[PDB]
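Take a look at this one chain, the form deposited in one PDB entry, written out in structure tokens.
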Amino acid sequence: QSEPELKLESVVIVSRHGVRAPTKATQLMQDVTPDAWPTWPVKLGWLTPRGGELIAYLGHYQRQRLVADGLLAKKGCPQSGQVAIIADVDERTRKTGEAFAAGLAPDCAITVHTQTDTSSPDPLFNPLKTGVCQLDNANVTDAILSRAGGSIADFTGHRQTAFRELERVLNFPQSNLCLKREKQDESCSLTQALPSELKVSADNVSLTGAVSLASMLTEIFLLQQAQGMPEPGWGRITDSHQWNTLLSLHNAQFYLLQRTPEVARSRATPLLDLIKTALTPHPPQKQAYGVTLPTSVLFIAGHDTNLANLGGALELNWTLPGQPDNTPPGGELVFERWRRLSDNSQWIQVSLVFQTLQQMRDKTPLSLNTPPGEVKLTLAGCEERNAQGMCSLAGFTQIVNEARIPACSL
């Protein structure tokens, strides 16, 4: 046989919460569709049992995968301080932490660590909102518009095919918003009825109108699907190409508001710092959250905004075959440090682990034989690499230090 030349030494998983009920149910939503939105089992913005199971599946799998890689024992509960789990203060992220622990080491008491004050935002998951740092308005306004080809109108103008597909699913033409149209001289259109304006403040960036509404509407259609509801979008979404076209509006909003470096770098700094420290070898010690780092496996329950920010900041671009959502619920940005046995040099690998939309629809159990999707990522800013295509620890450390915004560190 041929022995392993690389040995997995540390794992850091930044995961998006699991499938949850549509965070909202506004009046605008019922005005763009004559149909009735299907009710969910849990409260809005809360993780659903199905969501928790799906996450637990990923956990079962990572346990198997890490065992095969020898970082985790095949049996029993991992050693005290071998696996750490951190979660944003939200209900949905906290439960994603539990769901993942339960699947990684069932019956084992792995606590999920969060900010002590759960009624207040955790700066780790967004240093802007809690005033840790601010965005430079003018620079951010030009960066975002620049990414939009100069104007939001042109941006949307290039995605009308998708907007029309959405309108088709909503039967928007016979909607209240369209029917009570004050300018029924022109044809009905989401982008026209709801003009999208770019709003930039010190702690926040938003895109009103159809851009943000479609992002939310299309995602919900995805959530219904992943939740196994009878007929997502009222049985009007019948093929893969329609799923991709719809969710593209969702990815578009994030490409602009969450991946733009001028937003991503500041919003991703706290996590970059944590990830780097966790991936770098040094003397273990109770640190932020009462956790001990380094260790072996660190799992962080966050949001789609976080993975998108990290992608933007680290210049990591990906498309997930079989999954129309760029950063889907359960999706995991995985960082791994491998040590080359030859000279004991340190290396790091980044990938995106996700469940295809179908794997969520049929709630298919994962394991080495039936794995979730996976896309090995390349750091576009990394020069020093190994035969495996990974970035050196020094390269990655450099990429992190140059991308982070000192002013936004915790």
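One rule holds for the numbers: they count along the sequence shown, beginning at 1.
The protein also exists as the form solved in complex with a small molecule; that form is not presented, and the subsequent description refers to it.
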item: Candidate stretches 192-200, 70-78, 88-96, 131-139, one within 4.5 Å of the small molecule in the entry with it bound by heavy atom; value: 88-96
item: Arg63, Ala102 and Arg361 each touching the small molecule in the entry with it bound (heavy atom, 4.5 Å); value: no
item: Partner contact for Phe172 in the entry with it bound: the small molecule, 4.5 angstroms, heavy atom; value: no
item: Contact test in the entry with it bound: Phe221 vs the small molecule, heavy atoms, 4.5 Å; value: no
item: Residue contact check: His303 to the small molecule in the entry with it bound, 4.5 Å heavy atom; value: yes
item: Distance check, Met216 to the small molecule in the entry with it bound, heavy atom within 4.5 Å; value: yes
item: The unique member of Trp243, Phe299, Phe254, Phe163 whose heavy atoms fall within 4.5 Å of the small molecule in the entry with it bound; value: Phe254
